[PDB]
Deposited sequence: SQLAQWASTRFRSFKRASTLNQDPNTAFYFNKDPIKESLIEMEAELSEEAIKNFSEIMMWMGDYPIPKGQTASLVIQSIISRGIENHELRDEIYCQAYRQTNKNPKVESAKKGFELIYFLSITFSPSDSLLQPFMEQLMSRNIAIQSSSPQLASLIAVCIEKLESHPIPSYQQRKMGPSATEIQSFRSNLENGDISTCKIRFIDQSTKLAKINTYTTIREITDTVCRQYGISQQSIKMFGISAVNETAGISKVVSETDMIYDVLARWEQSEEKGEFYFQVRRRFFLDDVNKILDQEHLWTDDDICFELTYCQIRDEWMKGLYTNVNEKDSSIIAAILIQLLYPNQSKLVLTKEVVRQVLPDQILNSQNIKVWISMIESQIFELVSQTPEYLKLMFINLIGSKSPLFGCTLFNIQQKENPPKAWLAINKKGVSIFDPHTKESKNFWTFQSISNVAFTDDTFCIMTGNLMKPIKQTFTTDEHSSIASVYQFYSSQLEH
């Protein structure tokens, strides 16, 4: 069936006024399928990459097998008319291969192609029937290699894959290893997710698992109430490089892991659960305590997150009197019924970030806090935590915002896009000063490209454009907040 399909499409069959199906150590001089010279040149480039994956061509210094297969699948994703060519090149390299470890890798590539995109409607049945024949012929002699061919057939039978499940990336080294050990041992693939308390949860991960699915499972495992789970999300945290980037809930975890391999940032990235959304009025927190404290698991994760951001210097445009009040509250939380506690430098360092502390000598801070402390000794731990959030919330324009690094033609060129319950803002990352603010009401429409985000003002609207590769996260956060009003 495959030979009949290739009879009117392959170069070798056309130049006939059948041997192009067998393996060869030499990189092909032209594409297998007769096509445009532009596409044939990329098909030659692709063949040498298939050879690299299979271990028949060397990989250059700054490259890996995962990076090589990612390139092949990327080429297939964006160059739609090169898909049949990719499938034929991969299958060709399996038939009559002198190394069994190389032909196996050829079938592993077919599996990874089959989870991403389908071959043409014309190639689908003939190509499957061929794999079926290879399985039947080798079932008894090589049952491990047949299990691998069987899974390729299963994944091609799965097509058409729904739009919401279509993979955007090729496999990471992690996904490759997990696939290999699942075929060998049958063991479950998992992903480790951290919480603000640095405790962890394991999420069972599959080829098409979304970030939303993992968020839901790990939050439920932690004990967060069903209704509060929607307020939580996941961030990619790199401690050495000072990054905390929102991971879109619509992204597939394996597409995120592939993208991490492609990062030139240095250090390691990890997934952390964070409270993402803040829908309740922080100005009414003290008179609507139940909205915050009913779910004590969520309240504790919220308090610790806001405290940590405070200690890391995220909220720096808070005046000294307000900082001295915050320090007094946080001291009462660390030293509960210690009325006779003598304020030391060491105690002040546990409750004020360096960025705040820098404005005046620690002797002045000791004096200023000493003034604020009596009235708070009485207070319960829960009520102090609410008081702390009330102060941060009411005094910091960055409280309750989801932050994204953006590039601008305006000042500053490297800025922060902030989205909250009220709208979209632009913040200077140095001064932490809001440069622009647009309510959801005053934004008629939004647009996205793979490298931009744009908001339409009023009303033939004035277009404001921001350079960012975070379209996915921005759309999800913008949708969540804007859909409440």
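- Gaps between the deposited sequence and the modelled structure occur at positions 1, 19-24, 467-468, 495-496.
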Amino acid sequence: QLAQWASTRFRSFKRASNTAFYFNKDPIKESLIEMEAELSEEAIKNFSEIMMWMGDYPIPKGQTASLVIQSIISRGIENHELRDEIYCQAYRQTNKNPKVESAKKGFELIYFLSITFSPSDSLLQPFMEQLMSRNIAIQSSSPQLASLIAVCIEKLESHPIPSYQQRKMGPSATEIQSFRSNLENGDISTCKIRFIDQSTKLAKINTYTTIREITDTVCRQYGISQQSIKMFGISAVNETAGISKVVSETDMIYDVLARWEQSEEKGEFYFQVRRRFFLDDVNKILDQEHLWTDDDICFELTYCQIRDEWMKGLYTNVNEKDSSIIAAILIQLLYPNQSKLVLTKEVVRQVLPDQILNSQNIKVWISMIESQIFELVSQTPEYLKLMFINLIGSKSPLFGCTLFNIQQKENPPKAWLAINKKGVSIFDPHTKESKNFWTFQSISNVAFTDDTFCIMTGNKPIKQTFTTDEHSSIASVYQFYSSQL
From here on, numbers count along this sequence of modelled residues.
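- Set 19-27 against 467-475 and average the Cα temperature factors; 19-27 ends up higher.
- Here 123-131 and 266-274 are compared by their mean Cα B-factor, and 123-131 comes out higher.
- The entry lists C-alpha B-factors for 193, 362, 406, 100, and the highest of these is at 100.
- Between the residues 286, 219, 137, 231, it is 137 that shows the highest Cα B-factor in the PDB record.
- Among all modelled residues in this chain, the alpha-carbon of residue 444 has a temperature factor (C-alpha) in the highest third.
- In the deposited entry, the Cα temperature factor of residue 145 places it in the highest third of its chain's modelled residues.
- Compared with the other modelled residues of the chain, the Cα B-factor recorded for residue 388 ranks in the lowest third.
- Per the deposited record, the Cα B-factor of residue 69 falls in the middle third when ranked against the other modelled residues of its chain.
- Sorting the modelled residues of the chain by their CA temperature factor places residue 92 in the highest third.
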